[PDB]
Amino acid sequence: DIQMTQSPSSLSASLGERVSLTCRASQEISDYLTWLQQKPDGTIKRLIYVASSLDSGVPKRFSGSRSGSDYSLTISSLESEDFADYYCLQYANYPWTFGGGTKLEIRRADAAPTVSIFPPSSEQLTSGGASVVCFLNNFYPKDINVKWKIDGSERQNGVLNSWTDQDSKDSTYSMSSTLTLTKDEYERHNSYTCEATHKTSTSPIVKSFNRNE
Amino acid sequence: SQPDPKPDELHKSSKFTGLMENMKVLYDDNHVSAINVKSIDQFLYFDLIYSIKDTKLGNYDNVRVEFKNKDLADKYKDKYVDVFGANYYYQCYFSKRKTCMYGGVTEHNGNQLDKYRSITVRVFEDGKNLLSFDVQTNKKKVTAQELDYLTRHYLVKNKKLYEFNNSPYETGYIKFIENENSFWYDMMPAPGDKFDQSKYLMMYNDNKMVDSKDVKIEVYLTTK
Amino acid sequence: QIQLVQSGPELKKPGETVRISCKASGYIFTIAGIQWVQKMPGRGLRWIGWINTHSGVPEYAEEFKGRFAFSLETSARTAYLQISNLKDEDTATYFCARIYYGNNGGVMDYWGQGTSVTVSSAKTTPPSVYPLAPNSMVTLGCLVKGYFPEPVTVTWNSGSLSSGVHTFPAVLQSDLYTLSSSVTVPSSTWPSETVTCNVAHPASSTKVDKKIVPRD
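Per the PDB record, this model was obtained through X-ray crystallography at a reported resolution of 2.689 Å.

A.B. asks: Please provide a residue-by-residue account of the overall build of chain A, values included.
C.D. replies: Secondary structure summary: chain A contains two helices and 19 strands in total. Summarising its shape, the C-alpha atoms of chain A cover approximately 70 × 40 × 30 Å along the three principal directions. In chain A, the proportion of contacts linking residues at least 24 apart, taken out of those at least 6 apart, comes to 59%. Of the roughly 10,000 Å² that chain A leaves accessible, carbon and sulfur atoms contribute 44%. One finds the centroid of the 21 positive side-chain charges in chain A at a distance of 3 Å from the centroid of its 25 negative side-chain charges.

A.B. asks: Residues and numbers for unusual backbone geometry, please.
C.D. replies: For the bond from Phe 148 of chain C to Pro 149 of chain C, the omega torsion is 0°, close enough to zero to count as cis. Cis peptide bonds are those with omega within 30 degrees of zero, and the linkage from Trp 190 of chain C to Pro 191 of chain C qualifies with 5°. Take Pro 191 of chain C: it is sitting in the loop between strand 17 (176-186) and strand 18 (196-201). Even without being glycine, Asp 8 of chain B reaches a positive phi, approximately 85°. On the secondary structure map, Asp 8 of chain B appears in the segment before helix 1 (21-24). Judged by its relative accessible area of 72%, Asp 8 of chain B falls in the exposed class.

A.B. asks: I'd love a proper account of the state of the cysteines, names of residues and values included.
C.D. replies: Residues and elements named next belong to chain C. Following the criterion strictly, the structure yields five disulfides over all chains and no others. Paired by a disulfide, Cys 22 and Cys 96 hold their sulfur atoms 2.0 Å apart. One disulfide, between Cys 22 and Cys 96, carries an S-S torsion of 75° and so falls in the right-handed class. With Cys 22 in strand 3 (residues 18-25) and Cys 96 in strand 9 (residues 92-99), the pair connects residues that are 74 residues apart, well separated along the chain. The residues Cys 22 and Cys 96 share a single accessibility class, namely buried. Residue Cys 142 pairs covalently with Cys 197 via a disulfide, S to S 2.1 Å. Placement of the pair is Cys 142 in strand 13 (residues 137-147) and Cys 197 in strand 18, with a sequence separation of 55 residues. In chain C, the bonded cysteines, numbered by position in the sequence, are linked as 1-2, 3-4. The connectivity of the disulfides in chain A is 1-2, 3-4, where the numbers refer to bonded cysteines in sequence order.

A.B. asks: How would you summarise the domain arrangement of chain C if you had to cite specific residues and measurements?
C.D. replies: Residue and element names in this part refer to chain C. Per the domain assignment, the segments making up chain C are domain 1 (1-121) and domain 2 (122-212). On a C-alpha basis, the centres of domain 1 and domain 2 stand 36 Å from each other. Taken together, the contact pairs six residues of domain 1 with seven residues of domain 2. Summing both sides of the interface, domain 1 and domain 2 together bury roughly 540 Å²; the carbon and sulfur share of this comes to 49%. Looking only at domain 1, the three residues that lose the most surface to domain 2 are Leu 11, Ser 120 and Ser 121, adding up to 63% of its buried area.

A.B. asks: Tell me about a nonpolar patch on the surface, residues and numbers included.
C.D. replies: On the surface, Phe 43, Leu 44 and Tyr 93 of chain B cluster together to form a nonpolar patch covering roughly 280 Å² of accessible area. For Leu 44 of chain B, the position within the fold is in the loop between strand 1 (32-37) and strand 2 (47-51).

A.B. asks: Outline the interface of chain A and chain B, supporting the account with residue identities and numerical values.
C.D. replies: The interface of chain A with chain B comprises five residues on the first partner and four residues on the second. Roughly 380 Å² is buried in total at the junction of chain A and chain B, and carbon and sulfur atoms are behind 55% of that figure. Looking at the side of chain A facing chain B, the largest losses of area belong to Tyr 32, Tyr 91 and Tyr 94 of chain A, adding up to 72% of the total buried there. Between the two partners, chain A and chain B, sit one residue pair in polar contact. Its residues placed into classes, the side of chain A that touches chain B shows five nonpolar, no polar and no charged.

A.B. asks: Provide a residue-level description of the interface of chain C and chain A, including the pertinent values.
C.D. replies: Each partner contributes to the interface: chain C provides 43 residues, whereas chain A provides 39 residues. Along the contact surface separating chain C from chain A lie one salt bridge. Note that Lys 210 of chain C and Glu 123 of chain A form a salt bridge whose closest N and O atoms lie 3.3 Å from each other. Connecting chain C to chain A are ten residue pairs in polar contact. Here the side of chain C that touches chain A gets five residues from one element, more than from any other, and that element is strand 13 of chain C. Its residues assigned to classes, the side of chain C that touches chain A comprises 20 nonpolar, 15 polar and eight charged.

A.B. asks: Outline the domain arrangement of chain A, listing residues and values.
C.D. replies: In many analyses, interface size is given as the accessible surface area lost on bringing the parts together. Residues and elements named next belong to chain A. Parsing chain A into structural domains produces domain 1 (1-108) and domain 2 (109-211). Its C-alpha centre places domain 1 at a distance of 36 Å from the equivalent point of domain 2. Contacts between domain 1 and domain 2 engage seven residues on the former and ten residues on the latter. Counting each side, the surface lost to burial between domain 1 and domain 2 is near 720 Å², with a carbon and sulfur contribution of 37%. Together, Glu 105, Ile 106 and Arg 108 form the three largest contributors to the area buried by domain 1 at its contact with domain 2, with a combined 83%. Here domain 1 is connected to domain 2 by zero salt bridges. Summed over the shared surface of domain 1 and domain 2, the result is six residue pairs in polar contact.

A.B. asks: So what about the packing of aromatic side chains? Which residues, and what values?
C.D. replies: Scanning the entire structure with this criterion turns up 36 aromatic pairs over all chains. Among the aromatic residues, those joined into a cluster by ring pairs are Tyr 32, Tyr 91, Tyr 94 and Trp 96 of chain A, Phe 164 of chain B together with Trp 47, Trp 50 and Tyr 101 of chain C. Stacked on the ring of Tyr 27 of chain C, the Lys or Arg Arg 98 of chain C has its end atom at 4.6 Å from the ring centre.

A.B. asks: Describe the side chain of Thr 115 of chain C, listing the residues and the values that go with them.
C.D. replies: Relative to the helices and strands, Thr 115 of chain C resides in strand 11 (residues 115-119). When sequence neighbours within four positions are dropped, the list of residues in contact with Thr 115 of chain C reads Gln 6, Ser 7, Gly 8, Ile 20, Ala 92, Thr 93 and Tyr 94 of chain C.

A.B. asks: Help me get a handle on the sheet that holds strand 4 (residues 81-85) of chain B, residues and values and all.
C.D. replies: Residue and element names in this part refer to chain B. Read from one edge of the open sheet, three strands run 1-4-6, paired in antiparallel fashion. Looking along the sheet, the strands with just one partner apiece sit at the ends: strand 1 and strand 6 (105-107). Strand-to-strand, the axes of this sheet are offset by a mean angle of 15°, without reference to chain direction. Here strand 4 runs beside strand 6; their pairing, made up of three bridges, is antiparallel.

Cut-offs and rules
- Residues numbered from 1 in each chain as written, not as in the entry; some residues may be left out.
- Chains lettered and ligands numbered in written order.
- Heavy atoms only, no water.
- Residues with missing side-chain atoms left out of burial classes, pairs and counts.
- Helix = DSSP H or I, 4+ residues; strand = E, 2+ residues; numbered from the N terminus.
- Contact = heavy atoms within 4.5 Å.
- Areas by Shrake-Rupley, 256 points an atom, 1.4 Å probe, with all protein chains shown as cover.
- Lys, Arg positive; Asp, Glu negative; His and termini not counted.
- Charge placed at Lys NZ, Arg CZ, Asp CG, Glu CD.
- Buried < 20%, exposed > 50% of the residue type's maximum accessible area, 1.4 Å probe, protein only.
- Disulfide = S-S within 2.5 Å.
- Domains from an automatic or database assignment.
- Buried area = accessible area lost by both parts, 1.4 Å probe.
- Patch = residues over 30% accessible without salt bridge, like charges linked within 9 Å, V, L, I, M, F, W, Y side chains within 5 Å.
- Salt bridge = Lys/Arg side-chain N within 4 Å of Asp/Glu carboxyl O.
- Polar contact = N/O pair within 3.5 Å; in protein donor to acceptor, adjacent residues only side chain to side chain.
- Nonpolar A, V, L, I, M, F, W, Y, C, P; charged D, E, K, R; others polar.
- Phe/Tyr/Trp six-rings, centres within 6.5 Å; stacked < 30°, edge-to-face > 60°.
- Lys NZ or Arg CZ within 6 Å of the ring centre and 35° of its normal.
- Pairing = 2+ DSSP bridges.
- Axes fitted to C-alpha atoms, helices over the stretch in contact; angles between N-to-C directions.

Here you go:
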C-alpha cells in the first residue's frame, strides 16, 4: 500500500500570501496524483489532475508540481474562499489512498480565552441530571486544553467538548466543555474547577465554584 | 501459416500513455453470450442484429455483430447460431439499448459437445515457460475470439495482464496453432494517449474458427 | 452539464441496511465508472472503492469489504452504495465521483454533493433546555440536551442579540445530541434588561424560550 504523507496538517496564512502544500509518496507514483479541495460547506472539487495540470474552471492562482517523489500544490495569492481543507490522492495502484489533509486557516494576533463556568440549573437537578458547563471564548490559535477538577482532583470521564469553526469576523476560536454527572454524584462533592491551558500563558486560567454557597 | 512477430513489430505498452483500463474492460467479466439464437434484423449488409439481453448489468437488449464482408453475413443470416465475444459502446452505431461487436458467431446445430473440452494454454515470459492453465469450451468449432477472451481473462485475474494504469508486461501476443498452420494477435494497444476499442476489436471480424480438439494456444509475454 | 446528484440524508438504526444513490447525467453512462469516498466528522477522507460501469467489476478497500457493496442500475444512470451491519462509526458523509478513464483528465473530474448517514437507536426526541447564569462584560448561556435528530436552531431575544453569540456544534453521545450557546452582554444590560434563549427543533415541532435569571 502506498502511504501519502501530507505536510503540514495545519497552515496559517493571510490574504495575498503565496502558500505551498507538499505531499510525499512512499513508493513510485509517476504523475498519477490529484489535488482536491473540501470547503467548510462540505462540497468537494478537484483542483489539479495528472500531478501538474490545472482542472478546468479552477482559477489561475492554483498550480501543482513534482520534484522526484515530492508533490506540491501552490496558491499564488490567497482569497477568502481558499481557507479550506486540501487533500492529495494517488491512484497509481490499489487501494487508492488519500493524504492526511491540510487545513488552511487565517493568521492573527495571539489572544487569551475568556473562561466562564456555570453550575447546573434547578430545572436540570429537578430531573436527576447534573451538567457543569465551561465556555472558553474568542482565543487564537486553535490548540487548547481543558482540565476538570472535582474537589481538586482531575476528572476525565463524562466530559464532552465542541469547537466552533474560525470566526468570520475576528478570526478567533471558541470551545465549549461540559461535565455530565448524576445528581447523586454531583451532591457528593463540593468544588468544581475548570482549568484552561493556552500558549498565551504558562499559568492556566482557572474558574471554579462550590456547591455549598 | 502467418510468420511470428518480428523485432519492433509488437506494440510496447510503455509507449501507450493512456489508461490501460480501456483495454482491461474488454477482457474482464462481462461479455456478450447467447445460445441457439436467430438474427432478427440487419442494418448494413455485412452485419447481423441479435436480440440478446445482458443478464448482469442490463446495458443492452440488441447486439450488432459486424463481419468482414457480405458473404459472412449471408451465411449466418436467419440461421440458429451461438454468439460469444467482446463488445463496445463508444462509437457503436446502428439505426432499445444497443451494443456492437465483431464475429463470434458459430452454427448451433451439430456443433455441440456432450461434455466440455479443455485446451491447455502455455504461457511464456521472456522465452521461458512459467505456467499452463486450461480454458474450457463445449463447441466442436469455436471462434478464435472466444478462446482469446477466455485466455486473457484468466491472465487479467491472476497475472494482472491489464491493470488500471499500465501493465507489468511490455509486449504480448497470443498464438493459435491448428496442426501445422498458425496465426497470432497483438495483445497490446497502439502507442499514444487514446485507445480505439472498435478499431482494435475489428481484428475479430473475419470470424476465424478453430477446431477445439486440434488447437494449441501459446501466449508470449515480455517483462519490464 | 455533467452532474452527479446524490440522494438525501438517512437516519438509520444499528444493524439496519441503507442504500445511497448517485444519479449521473450529461454523458453516456457506460463510459465512466463511479467511486465512493467516506468523510468522517473531524477526520480526513477515506477511499471506499470504485465500480466500472462497462464490465461491472468492483474494487474495494480492505477495511470496507464485507459490509460495503457497490451496485448499479444503468438504464437509470444510477450508482448505488449499500452498507449492511450499521454501526456508530459508519456515521459520516458519503461522496460519489466520476471515474472517466477514457481520457487521462477524467479521473475524479466531477463530484457528487454528498449524503449524510447518521446511525442511532434513538427516535424523534425533543431537547431539554436549561439556563446558564453566573468587569464590564458578563457571559450567559443556554444548554440544550437529549434531542434527536439534528438540526436544532438557537437565537437570543428572537434575533435582537446577533453579536457576541457563539453557538457550538452538536455532539452525539449515547444516541442523543447535546448542544450549547453563549451570549456575552454588558453588565449594565443584565439582569436589568431581560435575556432569553430561543430554541427550535423542527422534527419535534418544538419551540422553547428560557429567560436567564440570577440564582437563588
